[PDB]
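Visitor: Handing over upload-v1.cif, mmCIF, C-alpha atoms.
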data_query
#
loop_
_atom_site.group_PDB
_atom_site.id
_atom_site.type_symbol
_atom_site.label_atom_id
_atom_site.label_comp_id
_atom_site.auth_asym_id
_atom_site.auth_seq_id
_atom_site.Cartn_x
_atom_site.Cartn_y
_atom_site.Cartn_z
ATOM 1 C CA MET G 1 8.308 28.348 -18.545
ATOM 2 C CA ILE G 2 9.551 24.738 -18.974
ATOM 3 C CA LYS G 3 7.983 22.546 -16.251
ATOM 4 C CA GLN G 4 9.499 19.151 -15.308
ATOM 5 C CA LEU G 5 8.243 15.766 -14.029
ATOM 6 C CA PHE G 6 10.252 12.854 -12.704
ATOM 7 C CA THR G 7 9.085 9.642 -14.392
ATOM 8 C CA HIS G 8 10.003 5.967 -14.778
ATOM 9 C CA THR G 9 8.739 3.609 -17.397
ATOM 10 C CA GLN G 10 8.765 -0.187 -17.494
ATOM 11 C CA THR G 11 6.915 -3.255 -18.746
ATOM 12 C CA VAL G 12 4.726 -5.802 -16.955
ATOM 13 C CA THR G 13 6.640 -9.105 -16.874
ATOM 14 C CA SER G 14 5.519 -12.678 -16.007
ATOM 15 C CA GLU G 15 6.717 -12.545 -12.416
ATOM 16 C CA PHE G 16 4.255 -9.679 -11.661
ATOM 17 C CA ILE G 17 1.167 -11.644 -12.767
ATOM 18 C CA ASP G 18 -1.243 -13.250 -10.244
ATOM 19 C CA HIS G 19 -3.953 -15.923 -10.634
ATOM 20 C CA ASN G 20 -6.332 -13.152 -11.813
ATOM 21 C CA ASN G 21 -4.018 -12.920 -14.847
ATOM 22 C CA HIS G 22 -3.073 -9.293 -14.205
ATOM 23 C CA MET G 23 -0.436 -7.470 -12.164
ATOM 24 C CA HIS G 24 -0.661 -8.494 -8.452
ATOM 25 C CA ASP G 25 -1.781 -5.700 -6.114
ATOM 26 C CA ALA G 26 1.389 -5.625 -3.949
ATOM 27 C CA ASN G 27 3.637 -5.445 -7.030
ATOM 28 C CA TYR G 28 2.204 -1.951 -7.584
ATOM 29 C CA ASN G 29 3.550 -1.033 -4.128
ATOM 30 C CA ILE G 30 6.955 -2.550 -4.914
ATOM 31 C CA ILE G 31 7.069 -0.322 -8.065
ATOM 32 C CA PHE G 32 5.887 2.835 -6.373
ATOM 33 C CA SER G 33 8.398 2.354 -3.540
ATOM 34 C CA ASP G 34 11.278 1.911 -5.988
ATOM 35 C CA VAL G 35 10.290 5.038 -7.993
ATOM 36 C CA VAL G 36 10.061 7.032 -4.786
ATOM 37 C CA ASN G 37 13.553 5.835 -3.904
ATOM 38 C CA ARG G 38 14.865 6.723 -7.421
ATOM 39 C CA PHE G 39 13.523 10.218 -6.878
ATOM 40 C CA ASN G 40 15.031 10.640 -3.442
ATOM 41 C CA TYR G 41 18.333 9.198 -4.647
ATOM 42 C CA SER G 42 18.469 11.777 -7.392
ATOM 43 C CA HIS G 43 17.390 14.756 -5.250
ATOM 44 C CA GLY G 44 19.913 14.924 -2.446
ATOM 45 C CA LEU G 45 19.612 11.609 -0.593
ATOM 46 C CA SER G 46 21.416 8.978 -2.598
ATOM 47 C CA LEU G 47 22.648 5.998 -0.497
ATOM 48 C CA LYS G 48 26.147 7.563 -0.371
ATOM 49 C CA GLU G 49 24.739 10.871 0.755
ATOM 50 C CA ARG G 50 22.622 9.101 3.412
ATOM 51 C CA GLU G 51 25.803 7.486 4.823
ATOM 52 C CA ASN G 52 27.745 10.763 4.721
ATOM 53 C CA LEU G 53 24.951 12.782 6.327
ATOM 54 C CA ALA G 54 23.867 10.037 8.776
ATOM 55 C CA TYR G 55 20.345 10.669 7.540
ATOM 56 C CA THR G 56 17.574 8.628 5.928
ATOM 57 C CA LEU G 57 13.898 8.586 5.101
ATOM 58 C CA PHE G 58 11.234 6.259 6.462
ATOM 59 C CA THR G 59 7.807 5.626 4.958
ATOM 60 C CA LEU G 60 5.051 6.555 7.447
ATOM 61 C CA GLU G 61 1.816 6.039 5.545
ATOM 62 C CA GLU G 62 0.605 5.253 2.085
ATOM 63 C CA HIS G 63 -2.637 4.921 0.101
ATOM 64 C CA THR G 64 -2.815 2.979 -3.159
ATOM 65 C CA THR G 65 -5.736 2.852 -5.582
ATOM 66 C CA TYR G 66 -6.170 0.213 -8.284
ATOM 67 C CA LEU G 67 -8.228 1.702 -11.156
ATOM 68 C CA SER G 68 -7.494 -0.266 -14.283
ATOM 69 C CA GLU G 69 -5.791 -3.613 -14.668
ATOM 70 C CA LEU G 70 -2.400 -4.119 -16.231
ATOM 71 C CA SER G 71 -1.677 -7.211 -18.265
ATOM 72 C CA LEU G 72 1.436 -9.086 -19.359
ATOM 73 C CA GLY G 73 3.438 -6.913 -21.804
ATOM 74 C CA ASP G 74 1.799 -3.647 -20.847
ATOM 75 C CA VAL G 75 4.218 -0.703 -20.809
ATOM 76 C CA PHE G 76 3.457 1.821 -18.036
ATOM 77 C CA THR G 77 4.860 4.993 -16.671
ATOM 78 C CA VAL G 78 5.066 6.188 -13.062
ATOM 79 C CA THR G 79 5.019 9.950 -12.522
ATOM 80 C CA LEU G 80 5.979 11.601 -9.216
ATOM 81 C CA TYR G 81 4.440 14.823 -7.873
ATOM 82 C CA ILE G 82 5.145 16.614 -4.618
ATOM 83 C CA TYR G 83 1.784 17.453 -3.067
ATOM 84 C CA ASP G 84 3.161 19.056 0.100
ATOM 85 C CA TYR G 85 6.272 19.194 2.204
ATOM 86 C CA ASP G 86 7.625 20.776 5.452
ATOM 87 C CA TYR G 87 10.961 20.812 7.264
ATOM 88 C CA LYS G 88 11.126 17.010 7.746
ATOM 89 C CA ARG G 89 8.223 15.481 5.780
ATOM 90 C CA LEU G 90 7.432 14.812 2.175
ATOM 91 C CA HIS G 91 3.897 14.261 1.001
ATOM 92 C CA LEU G 92 4.001 12.661 -2.487
ATOM 93 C CA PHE G 93 1.428 11.708 -5.047
ATOM 94 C CA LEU G 94 2.316 9.313 -7.897
ATOM 95 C CA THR G 95 0.351 8.244 -10.951
ATOM 96 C CA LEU G 96 0.754 5.073 -12.850
ATOM 97 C CA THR G 97 -0.508 5.340 -16.459
ATOM 98 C CA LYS G 98 -0.645 3.119 -19.528
ATOM 99 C CA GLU G 99 0.744 4.312 -22.899
ATOM 100 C CA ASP G 100 -2.621 5.579 -24.051
ATOM 101 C CA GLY G 101 -2.885 7.766 -20.982
ATOM 102 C CA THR G 102 -5.229 5.605 -18.918
ATOM 103 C CA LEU G 103 -4.796 6.159 -15.191
ATOM 104 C CA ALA G 104 -4.127 2.604 -13.958
ATOM 105 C CA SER G 105 -3.186 3.298 -10.313
ATOM 106 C CA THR G 106 -2.371 6.041 -7.880
ATOM 107 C CA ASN G 107 -0.171 6.191 -4.788
ATOM 108 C CA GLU G 108 -0.113 8.803 -2.072
ATOM 109 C CA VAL G 109 2.739 8.546 0.411
ATOM 110 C CA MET G 110 4.103 10.332 3.509
ATOM 111 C CA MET G 111 7.791 10.031 4.135
ATOM 112 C CA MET G 112 9.741 11.390 7.067
ATOM 113 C CA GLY G 113 13.385 12.275 7.514
ATOM 114 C CA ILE G 114 15.290 10.415 10.191
ATOM 115 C CA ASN G 115 18.630 11.186 11.994
ATOM 116 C CA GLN G 116 20.487 7.875 11.875
ATOM 117 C CA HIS G 117 22.421 8.465 15.202
ATOM 118 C CA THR G 118 19.106 8.667 17.093
ATOM 119 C CA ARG G 119 16.657 7.079 14.687
ATOM 120 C CA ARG G 120 14.416 9.946 15.581
ATOM 121 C CA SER G 121 12.904 12.420 13.145
ATOM 122 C CA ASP G 122 14.876 15.604 12.255
ATOM 123 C CA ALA G 123 14.947 18.368 9.679
ATOM 124 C CA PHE G 124 16.026 17.540 6.120
ATOM 125 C CA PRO G 125 19.639 18.430 5.246
ATOM 126 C CA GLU G 126 19.800 21.640 3.209
ATOM 127 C CA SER G 127 20.790 20.050 -0.111
ATOM 128 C CA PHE G 128 17.722 17.739 -0.031
ATOM 129 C CA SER G 129 15.433 20.563 1.165
ATOM 130 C CA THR G 130 16.649 22.864 -1.643
ATOM 131 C CA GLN G 131 16.191 20.162 -4.276
ATOM 132 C CA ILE G 132 12.745 19.274 -3.047
ATOM 133 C CA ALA G 133 11.641 22.908 -3.024
ATOM 134 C CA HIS G 134 12.978 23.388 -6.545
ATOM 135 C CA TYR G 135 11.230 20.268 -7.868
ATOM 136 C CA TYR G 136 7.920 21.380 -6.362
ATOM 137 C CA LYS G 137 8.314 24.911 -7.787
ATOM 138 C CA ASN G 138 9.127 23.546 -11.212
ATOM 139 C CA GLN G 139 6.481 20.856 -11.438
ATOM 140 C CA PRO G 140 3.290 21.129 -13.678
ATOM 141 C CA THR G 141 -0.010 22.080 -12.053
ATOM 142 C CA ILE G 142 -2.191 19.120 -12.211
ATOM 143 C CA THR G 143 -5.852 18.808 -11.497
ATOM 144 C CA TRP G 144 -5.454 16.541 -8.427
ATOM 145 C CA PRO G 145 -7.368 13.269 -8.987
ATOM 146 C CA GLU G 146 -10.252 12.436 -6.670
ATOM 147 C CA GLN G 147 -8.086 9.486 -5.380
ATOM 148 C CA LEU G 148 -6.011 12.029 -3.486
ATOM 149 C CA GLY G 149 -7.157 12.131 0.120
ATOM 150 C CA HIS G 150 -9.909 9.600 -0.541
ATOM 151 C CA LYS G 151 -11.301 7.684 2.423
ATOM 152 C CA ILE G 152 -11.967 3.958 2.034
ATOM 153 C CA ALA G 153 -15.734 3.250 2.306
ATOM 154 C CA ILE G 154 -18.419 0.987 0.990
ATOM 155 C CA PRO G 155 -20.817 3.382 -0.892
ATOM 156 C CA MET A 1 -19.389 -16.581 23.784
ATOM 157 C CA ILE A 2 -16.141 -17.740 22.090
ATOM 158 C CA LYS A 3 -15.022 -15.072 19.580
ATOM 159 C CA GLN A 4 -12.561 -15.899 16.756
ATOM 160 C CA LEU A 5 -9.830 -14.081 14.779
ATOM 161 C CA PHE A 6 -8.033 -15.210 11.655
ATOM 162 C CA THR A 7 -4.278 -14.746 12.119
ATOM 163 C CA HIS A 8 -0.940 -15.591 10.493
ATOM 164 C CA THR A 9 2.431 -15.472 12.116
ATOM 165 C CA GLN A 10 5.896 -15.381 10.562
ATOM 166 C CA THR A 11 9.447 -14.120 11.009
ATOM 167 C CA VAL A 12 11.354 -11.273 9.352
ATOM 168 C CA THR A 13 14.019 -12.833 7.106
ATOM 169 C CA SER A 14 17.065 -11.305 5.329
ATOM 170 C CA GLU A 15 15.322 -10.859 1.996
ATOM 171 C CA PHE A 16 12.798 -8.429 3.598
ATOM 172 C CA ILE A 17 15.478 -6.032 4.897
ATOM 173 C CA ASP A 18 16.274 -2.712 3.136
ATOM 174 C CA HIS A 19 19.250 -0.322 3.401
ATOM 175 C CA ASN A 20 17.577 1.211 6.496
ATOM 176 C CA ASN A 21 18.242 -2.185 8.122
ATOM 177 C CA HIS A 22 14.566 -2.912 8.771
ATOM 178 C CA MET A 23 11.705 -4.496 6.836
ATOM 179 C CA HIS A 24 11.170 -2.666 3.483
ATOM 180 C CA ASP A 25 7.874 -0.770 3.234
ATOM 181 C CA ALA A 26 6.462 -2.712 0.237
ATOM 182 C CA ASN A 27 7.202 -6.065 1.905
ATOM 183 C CA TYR A 28 4.484 -5.151 4.422
ATOM 184 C CA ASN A 29 2.063 -4.927 1.474
ATOM 185 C CA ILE A 30 3.241 -8.277 0.093
ATOM 186 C CA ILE A 31 2.479 -9.817 3.550
ATOM 187 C CA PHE A 32 -0.876 -8.155 4.004
ATOM 188 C CA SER A 33 -1.957 -9.193 0.494
ATOM 189 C CA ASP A 34 -1.002 -12.823 1.129
ATOM 190 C CA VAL A 35 -2.873 -12.914 4.486
ATOM 191 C CA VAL A 36 -5.930 -11.419 2.832
ATOM 192 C CA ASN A 37 -5.725 -14.147 0.203
ATOM 193 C CA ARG A 38 -5.308 -16.871 2.902
ATOM 194 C CA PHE A 39 -8.484 -15.569 4.496
ATOM 195 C CA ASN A 40 -10.472 -15.482 1.287
ATOM 196 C CA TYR A 41 -9.178 -18.920 0.318
ATOM 197 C CA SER A 42 -10.424 -20.321 3.588
ATOM 198 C CA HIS A 43 -13.815 -18.553 3.560
ATOM 199 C CA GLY A 44 -15.472 -19.641 0.346
ATOM 200 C CA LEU A 45 -13.177 -18.442 -2.450
ATOM 201 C CA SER A 46 -10.264 -20.821 -2.675
ATOM 202 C CA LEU A 47 -8.602 -20.915 -6.145
ATOM 203 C CA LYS A 48 -10.588 -24.085 -6.986
ATOM 204 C CA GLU A 49 -13.819 -22.467 -5.918
ATOM 205 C CA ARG A 50 -12.972 -19.348 -7.974
ATOM 206 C CA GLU A 51 -12.556 -21.553 -11.086
ATOM 207 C CA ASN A 52 -15.766 -23.484 -10.385
ATOM 208 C CA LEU A 53 -17.817 -20.357 -9.700
ATOM 209 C CA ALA A 54 -16.161 -18.220 -12.419
ATOM 210 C CA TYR A 55 -15.709 -15.592 -9.732
ATOM 211 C CA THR A 56 -12.803 -13.695 -8.184
ATOM 212 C CA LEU A 57 -11.883 -10.726 -6.054
ATOM 213 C CA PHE A 58 -9.931 -7.643 -7.078
ATOM 214 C CA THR A 59 -8.243 -5.164 -4.753
ATOM 215 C CA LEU A 60 -9.671 -1.650 -5.263
ATOM 216 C CA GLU A 61 -7.956 0.481 -2.642
ATOM 217 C CA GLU A 62 -5.674 0.129 0.312
ATOM 218 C CA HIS A 63 -4.091 2.225 3.081
ATOM 219 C CA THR A 64 -1.000 1.072 4.963
ATOM 220 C CA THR A 65 0.526 2.681 8.046
ATOM 221 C CA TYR A 66 4.061 2.027 9.281
ATOM 222 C CA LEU A 67 4.179 2.598 13.071
ATOM 223 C CA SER A 68 7.105 0.680 14.467
ATOM 224 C CA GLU A 69 10.028 -0.886 12.664
ATOM 225 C CA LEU A 70 10.607 -4.596 12.350
ATOM 226 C CA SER A 71 14.110 -5.992 12.386
ATOM 227 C CA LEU A 72 15.778 -9.195 11.220
ATOM 228 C CA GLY A 73 14.500 -12.136 13.322
ATOM 229 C CA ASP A 74 11.411 -10.380 14.601
ATOM 230 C CA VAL A 75 8.374 -12.669 14.855
ATOM 231 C CA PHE A 76 5.093 -10.900 13.993
ATOM 232 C CA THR A 77 1.469 -11.714 13.679
ATOM 233 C CA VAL A 78 -1.093 -10.407 11.183
ATOM 234 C CA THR A 79 -4.701 -10.287 12.372
ATOM 235 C CA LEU A 80 -7.665 -9.810 10.013
ATOM 236 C CA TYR A 81 -10.886 -7.978 10.921
ATOM 237 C CA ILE A 82 -13.918 -7.297 8.767
ATOM 238 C CA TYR A 83 -14.798 -3.633 9.221
ATOM 239 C CA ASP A 84 -17.726 -3.590 6.787
ATOM 240 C CA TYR A 85 -19.161 -5.507 3.891
ATOM 241 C CA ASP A 86 -22.098 -5.406 1.391
ATOM 242 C CA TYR A 87 -23.358 -7.647 -1.403
ATOM 243 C CA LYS A 88 -20.142 -7.435 -3.483
ATOM 244 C CA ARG A 89 -17.537 -5.591 -1.376
ATOM 245 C CA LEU A 90 -15.364 -6.388 1.576
ATOM 246 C CA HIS A 91 -13.866 -3.674 3.713
ATOM 247 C CA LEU A 92 -11.033 -5.193 5.813
ATOM 248 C CA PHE A 93 -8.759 -3.923 8.513
ATOM 249 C CA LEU A 94 -5.582 -5.845 9.441
ATOM 250 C CA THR A 95 -3.095 -5.330 12.248
ATOM 251 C CA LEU A 96 0.474 -6.376 12.270
ATOM 252 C CA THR A 97 1.872 -6.788 15.814
ATOM 253 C CA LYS A 98 5.133 -7.885 17.406
ATOM 254 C CA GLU A 99 5.204 -10.628 20.086
ATOM 255 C CA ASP A 100 5.025 -8.132 22.914
ATOM 256 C CA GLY A 101 1.855 -6.672 21.469
ATOM 257 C CA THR A 102 3.327 -3.586 19.817
ATOM 258 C CA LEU A 103 1.263 -2.407 16.861
ATOM 259 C CA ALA A 104 3.878 -2.340 14.076
ATOM 260 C CA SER A 105 1.645 -1.661 11.042
ATOM 261 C CA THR A 106 -1.933 -1.470 9.915
ATOM 262 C CA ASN A 107 -3.641 -2.143 6.590
ATOM 263 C CA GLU A 108 -7.102 -1.142 5.484
ATOM 264 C CA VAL A 109 -8.294 -2.647 2.215
ATOM 265 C CA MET A 110 -11.357 -2.629 -0.079
ATOM 266 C CA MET A 111 -11.888 -5.681 -2.198
ATOM 267 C CA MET A 112 -14.586 -6.245 -4.776
ATOM 268 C CA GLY A 113 -16.109 -9.382 -6.226
ATOM 269 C CA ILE A 114 -15.791 -9.884 -9.954
ATOM 270 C CA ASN A 115 -17.711 -12.162 -12.428
ATOM 271 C CA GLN A 116 -14.950 -13.755 -14.493
ATOM 272 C CA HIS A 117 -17.109 -14.105 -17.713
ATOM 273 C CA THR A 118 -17.557 -10.311 -17.825
ATOM 274 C CA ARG A 119 -14.789 -9.062 -15.570
ATOM 275 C CA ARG A 120 -17.404 -6.773 -14.168
ATOM 276 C CA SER A 121 -18.434 -6.548 -10.530
ATOM 277 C CA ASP A 122 -21.246 -8.840 -9.243
ATOM 278 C CA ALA A 123 -22.717 -10.117 -6.005
ATOM 279 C CA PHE A 124 -20.699 -12.578 -3.910
ATOM 280 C CA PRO A 125 -21.691 -16.251 -4.275
ATOM 281 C CA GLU A 126 -23.795 -17.398 -1.320
ATOM 282 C CA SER A 127 -21.172 -19.644 0.291
ATOM 283 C CA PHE A 128 -18.658 -16.745 0.474
ATOM 284 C CA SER A 129 -21.348 -14.282 1.632
ATOM 285 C CA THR A 130 -22.479 -16.673 4.400
ATOM 286 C CA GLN A 131 -18.911 -17.273 5.562
ATOM 287 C CA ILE A 132 -18.088 -13.600 5.574
ATOM 288 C CA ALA A 133 -21.216 -12.741 7.551
ATOM 289 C CA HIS A 134 -20.432 -15.472 10.069
ATOM 290 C CA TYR A 135 -16.821 -14.331 10.512
ATOM 291 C CA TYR A 136 -17.937 -10.744 11.098
ATOM 292 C CA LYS A 137 -20.612 -11.852 13.602
ATOM 293 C CA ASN A 138 -18.123 -13.993 15.465
ATOM 294 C CA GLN A 139 -15.207 -11.590 15.563
ATOM 295 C CA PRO A 140 -14.076 -9.675 18.778
ATOM 296 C CA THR A 141 -15.095 -6.040 19.195
ATOM 297 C CA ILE A 142 -12.032 -4.016 18.936
ATOM 298 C CA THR A 143 -11.491 -0.391 19.697
ATOM 299 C CA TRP A 144 -10.737 0.653 16.083
ATOM 300 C CA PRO A 145 -7.270 2.275 15.909
ATOM 301 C CA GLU A 146 -7.019 5.904 14.837
ATOM 302 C CA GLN A 147 -5.197 4.619 11.660
ATOM 303 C CA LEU A 148 -8.566 3.450 10.378
ATOM 304 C CA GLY A 149 -9.937 6.021 7.963
ATOM 305 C CA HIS A 150 -6.974 8.328 8.523
ATOM 306 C CA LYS A 151 -6.227 10.929 5.865
ATOM 307 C CA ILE A 152 -2.605 11.517 4.856
ATOM 308 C CA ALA A 153 -1.513 15.065 5.849
ATOM 309 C CA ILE A 154 1.462 17.020 7.028
ATOM 310 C CA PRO A 155 0.413 18.285 10.540
#
What would you get if you wrote out this structure as structure tokens?
Guide:
Amino acid sequence: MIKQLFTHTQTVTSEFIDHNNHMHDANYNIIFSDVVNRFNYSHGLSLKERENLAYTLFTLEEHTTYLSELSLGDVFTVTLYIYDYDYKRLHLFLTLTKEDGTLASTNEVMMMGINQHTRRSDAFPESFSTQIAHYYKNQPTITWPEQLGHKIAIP
Amino acid sequence: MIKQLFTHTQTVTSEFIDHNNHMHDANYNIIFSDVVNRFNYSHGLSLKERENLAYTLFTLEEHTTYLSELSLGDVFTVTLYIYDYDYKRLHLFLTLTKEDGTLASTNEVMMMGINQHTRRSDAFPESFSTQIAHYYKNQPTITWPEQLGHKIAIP
């Protein structure tokens, strides 16, 4: 009945602004990465848990789209969705929106679980796997934006 | 006869390293963005030229792949290729390789030219367009990596 979304809100500061007088492209990636980490830290793989379990997550692949510029002082929210997952991979889709609801940017990311003894991929620990399944189950249906899965191409 | 590639080499420093003890995912994007800018600055759109022409370039879309980890002290090179271009868009593909030749990361990016009076898209100025065409013409054929155009998906 009550669906839930992990979000993080913040404001565009001076240090994020480029010579085009808006937020620099790579700063979007810095943000998205940090929100992903906040999520994973709160869903079974905090840094302490990673040390105890000898387990971590590596980024494999990501796709970022820049739809609408963000200026100095703009307050924005990042929202995380789980698009897909399996026994050792997480396929995430994040939106970055302005206060009025304008989709400013999107990020699609594939992460993979890694056994720290071997630095080879391996199944998620059960606590993480449970928490991920629960989040996905309990997340709002969304009409997936056309950015999702989009191939880069000159029209 | 003599083909040419724009490149930039640097070393992994402490500030790039995450809690996984390798270069943080988003730092790859910071690097790739800066190399793209170095290229554009040297091919007809330096900051001075952008001010004189009232013209700039915005990032629209990018895709980054993380293939092989980079550690503290690792020396790497970024190489820029033009995959495609039209009258106001540039479709780039960059490789990031270790000294032995190991493909560590790839970046595919779409940039678009912007008229600064209107902040609307518009054809590249001729000097930039000429320089871009020449670079593409004079660049080595490469067997395009399977990363290029790759859609994110759990197998």
Visitor: Please return, as a PyMOL selection string, all residues of chain A lying within 7 Å of chain G when all atoms listed in the file are considered.
Guide: chain A and resi 25-26+29-30+33+59-67+110+149+151-152
Visitor: Up to 8 Å from (5.5, 13.3, -8.4) in the file's coordinates: name the residues, counting only C-alpha atoms, as an mmCIF file with C-alpha atoms, in the frame of the given file.
Guide:
data_model
loop_
_atom_site.group_PDB
_atom_site.id
_atom_site.type_symbol
_atom_site.label_atom_id
_atom_site.label_comp_id
_atom_site.auth_asym_id
_atom_site.auth_seq_id
_atom_site.Cartn_x
_atom_site.Cartn_y
_atom_site.Cartn_z
ATOM 1 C CA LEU G 5 8.243 15.766 -14.029
ATOM 2 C CA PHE G 6 10.252 12.854 -12.704
ATOM 3 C CA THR G 7 9.085 9.642 -14.392
ATOM 4 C CA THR G 79 5.019 9.950 -12.522
ATOM 5 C CA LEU G 80 5.979 11.601 -9.216
ATOM 6 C CA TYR G 81 4.440 14.823 -7.873
ATOM 7 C CA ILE G 82 5.145 16.614 -4.618
ATOM 8 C CA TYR G 83 1.784 17.453 -3.067
ATOM 9 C CA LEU G 92 4.001 12.661 -2.487
ATOM 10 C CA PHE G 93 1.428 11.708 -5.047
ATOM 11 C CA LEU G 94 2.316 9.313 -7.897
ATOM 12 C CA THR G 95 0.351 8.244 -10.951
#
Visitor: Which residues are close to range 2-4 of chain A, i.e. within 9 Å by all atoms listed in the file, leaving aside same-chain residues fewer than 5 positions away? Reply as a ChimeraX atom specification.
Guide: /A:135,137-140
Visitor: Selection in question (the file shown): the PyMOL selection byres ((chain A and resi 131) around 12). Which residues does it include, as a list in words?
Guide: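 Going through the file, the PyMOL selection byres ((chain A and resi 131) around 12) ends up selecting residues 39, 40, 41, 42, 43, 44, 45, 82, 85, 124, 125, 126, 127, 128, 129, 130, 132, 133, 134, 135, 136, 137 and 138 of chain A.
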Visitor: Do a neighbour search on residue 21 in chain A at 10 Å with all atoms listed in the file, toss out local chain neighbours closer than 5 positions, and write the hits as a PDB file with C-alpha atoms, in the coordinates of the input.
Guide:
ATOM      1  CA  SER A  14      17.065 -11.305   5.329  1.00  0.00           C
ATOM      2  CA  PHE A  16      12.798  -8.429   3.598  1.00  0.00           C
ATOM      3  CA  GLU A  69      10.028  -0.886  12.664  1.00  0.00           C
ATOM      4  CA  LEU A  70      10.607  -4.596  12.350  1.00  0.00           C
ATOM      5  CA  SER A  71      14.110  -5.992  12.386  1.00  0.00           C
ATOM      6  CA  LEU A  72      15.778  -9.195  11.220  1.00  0.00           C
TER       7      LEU A  72
END
Visitor: If the PyMOL selection byres ((chain G and resi 11) around 6) is run on the structure shown, which residues does it catch, given as a list in words?
Guide: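 Answer for the PyMOL selection byres ((chain G and resi 11) around 6): residues 10, 12, 73, 74 and 75 of chain G.
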Visitor: Give as a PyMOL selection string every residue, naming chains and numbers as the document does, that has an atom within 8 Å of (3.2, -11.6, 13.7), counting only C-alpha atoms.
Guide: chain A and resi 8-11+75-78+96-99
Visitor: May I have the centre and edge lengths, in Å to one decimal, of an axis-aligned box around the listed atoms of range 29-43 of chain A with 6 Å added to every side, as lines of an AutoDock Vina configuration file?
Guide:
center_x = -5.3
center_y = -12.6
center_z = 2.3
size_x = 29.1
size_y = 27.4
size_z = 16.4
Visitor: Take CA of residue 146 in chain G and CA of residue 102 in chain G and report the distance between them in Å, one decimal.
Guide: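 Straight-line distance from CA of residue 146 in chain G to CA of residue 102 in chain G works out to 14.9 Å.
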Visitor: What's the separation between CA of residue 36 in chain G and CA of residue 114 in chain G, in Å to one decimal place?
Guide: 16.2 Å
Visitor: Between CA of residue 17 in chain G and CA of residue 104 in chain G, what is the distance, to one decimal in Å?
Guide: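 Separating CA of residue 17 in chain G from CA of residue 104 in chain G is a distance of 15.2 Å.
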Visitor: Which residue gives the smallest distance to residue 119 in chain G among G:49, G:35, G:54, G:15, with all atoms listed in the file counted?
Guide: G:54
Visitor: Can range 72-83 of chain G be brought up to N, CA and C atoms and written out as a short mmCIF file (atom, residue, chain, number, x, y, z; two decimals), in the coordinates of the input?
Guide:
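Final output, selection_35.cif:
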data_model
loop_
_atom_site.label_atom_id
_atom_site.label_comp_id
_atom_site.auth_asym_id
_atom_site.auth_seq_id
_atom_site.Cartn_x
_atom_site.Cartn_y
_atom_site.Cartn_z
N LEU G 72 0.12 -8.69 -18.85
CA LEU G 72 1.44 -9.09 -19.36
C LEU G 72 1.79 -8.30 -20.63
N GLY G 73 2.96 -7.67 -20.62
CA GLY G 73 3.44 -6.91 -21.80
C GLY G 73 3.09 -5.46 -21.81
N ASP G 74 2.21 -5.03 -20.90
CA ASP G 74 1.80 -3.65 -20.85
C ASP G 74 2.99 -2.76 -20.42
N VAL G 75 3.17 -1.65 -21.12
CA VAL G 75 4.22 -0.70 -20.81
C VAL G 75 3.50 0.43 -20.03
N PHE G 76 4.08 0.81 -18.90
CA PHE G 76 3.46 1.82 -18.04
C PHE G 76 4.48 2.78 -17.56
N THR G 77 4.01 3.97 -17.21
CA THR G 77 4.86 4.99 -16.67
C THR G 77 4.40 5.44 -15.29
N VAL G 78 5.36 5.58 -14.39
CA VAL G 78 5.07 6.19 -13.06
C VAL G 78 5.53 7.61 -13.03
N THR G 79 4.68 8.54 -12.61
CA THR G 79 5.02 9.95 -12.52
C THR G 79 4.91 10.45 -11.08
N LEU G 80 5.97 11.11 -10.59
CA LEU G 80 5.98 11.60 -9.22
C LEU G 80 5.68 13.09 -9.12
N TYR G 81 4.72 13.45 -8.26
CA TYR G 81 4.44 14.82 -7.87
C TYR G 81 4.67 15.03 -6.38
N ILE G 82 5.16 16.19 -6.01
CA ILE G 82 5.14 16.61 -4.62
C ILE G 82 3.83 17.37 -4.35
N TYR G 83 3.00 16.83 -3.50
CA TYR G 83 1.78 17.45 -3.07
C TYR G 83 2.01 18.50 -1.97
#
